[PDB]
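First, one chain by itself: the form deposited without this ligand, in structure tokens.
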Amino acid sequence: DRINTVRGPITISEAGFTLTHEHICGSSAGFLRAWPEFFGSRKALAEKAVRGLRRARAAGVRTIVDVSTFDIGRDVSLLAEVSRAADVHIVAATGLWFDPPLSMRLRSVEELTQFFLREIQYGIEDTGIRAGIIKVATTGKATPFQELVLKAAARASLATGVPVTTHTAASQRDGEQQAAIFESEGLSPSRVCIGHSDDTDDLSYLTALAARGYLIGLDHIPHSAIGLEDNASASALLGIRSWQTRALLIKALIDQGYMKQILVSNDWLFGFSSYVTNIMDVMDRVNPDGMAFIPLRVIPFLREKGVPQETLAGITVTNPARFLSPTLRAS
């Protein structure tokens, strides 16, 4: 009946319109604290995040799920501060992305399970802030270490009921391997969201996963390097497909009957150090709406394409609630 946020537990009904894959800051463990000037200042970053969150809130966003793990440099204190200042619920994550340091990479599945459980059950660091989701990732075939992470993520989810969300190389169909690993651990597909799924047009891939019960994360909607074909780093990161092409995947999935398995987001951020310098500026120019892009542009676009109001509400409110609600497997 309750979802853990950086301000404490909230009831399922309080979540409202939720963005399921976002970040306050995309960084590295200890980075923000060791070199805050990379972002101007910690204060400047916080203020930027507050402005953006307030704008998203004005557009109807009530909660965001910050899928920043330990290795994405998640700073829960920052999350709590901006959540309170902007009055937006923020769900924190545990798990490991693709940049784990040696102290993590050398751990066993059992040790990692303990670490994920710690963050979900006791709290992140010494803050008492409990994670409400487990984030994992692969970029093509999983590495041996990534397989361990996925297994530990499954074990932690099974013990706590918190869902798992992933980063994929959609092109490479990472989702299938991820699903395989999760199922080998007994995890229900309904507890998993296969992310960045809009990065591919393979509707066969998407639909096959949906059919098995997985949640499909169409969270890269505003990501596009169109108009910047000349910026190699940006093109590499953002792609050359339009936001409309990506958004159309939502309707496609709806049309195929999987409206209840879709999760939409922007995968936006206010600071980004884990890539080339200046990527944030480039991204902000591409999508000035930031996290508000979904409600301001995507939802109206889909409605214009014939998606009914109730399906839109179902996707942005109902689906996230059901996914985030901690749910233990029936015995």
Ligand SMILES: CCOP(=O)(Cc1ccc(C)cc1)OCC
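Counting begins at 1, following the sequence as shown.
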Check your understanding: Of 206-214 and 158-166, which one has the bigger average CA B-factor?
Key -> 206-214
Practice item. Pick between 138-146 and 183-191: the one whose mean CA B-factor in the entry is higher. Key: 138-146
Study note, to complete from the structure: When the entry's CA B-factors for 27, 278, 69, 265 are compared, the highest one belongs to 278
Study note, to complete from the structure: The residue of 113, 121, 127, 233 with the maximal C-alpha B-factor according to the PDB record is 233
Exercise for review: Would you please rank residue 55 by its C-alpha temperature factor against the other modelled residues of its chain and give the third it falls in: lowest, middle or highest?
Suggested key: lowest
Study note, to complete from the structure: By the entry's values, the third containing the CA B factor of residue 85 is the middle
Revision key, fill the gap. Residue 229: C-alpha B-factor third of its chain, per the entry, is the highest
Check your understanding: Where does residue 99 sit by CA temperature factor within its chain: lowest, middle or highest third?
Key -> lowest
Practice item. Can you work out whether the C-alpha temperature factor of residue 12 puts it in the lowest, middle or highest third of the chain? Key: highest
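The protein also exists as the form deposited with this ligand bound; that form is not presented, and the subsequent description refers to it.
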Practice item. Note which of 32, 299, 263, 45 lies within 4.5 Å of this ligand in the entry with it bound, where distance is taken over heavy atoms; exactly one does. Key: 299
Point to revise | Contact of residue 313 with this ligand in the entry with it bound (heavy atom, 4.5 Å) | key: yes
Check your understanding: Among 17, 59 and 62, does every residue place a heavy atom within 4.5 Å of this ligand in the entry with it bound?
Key -> yes
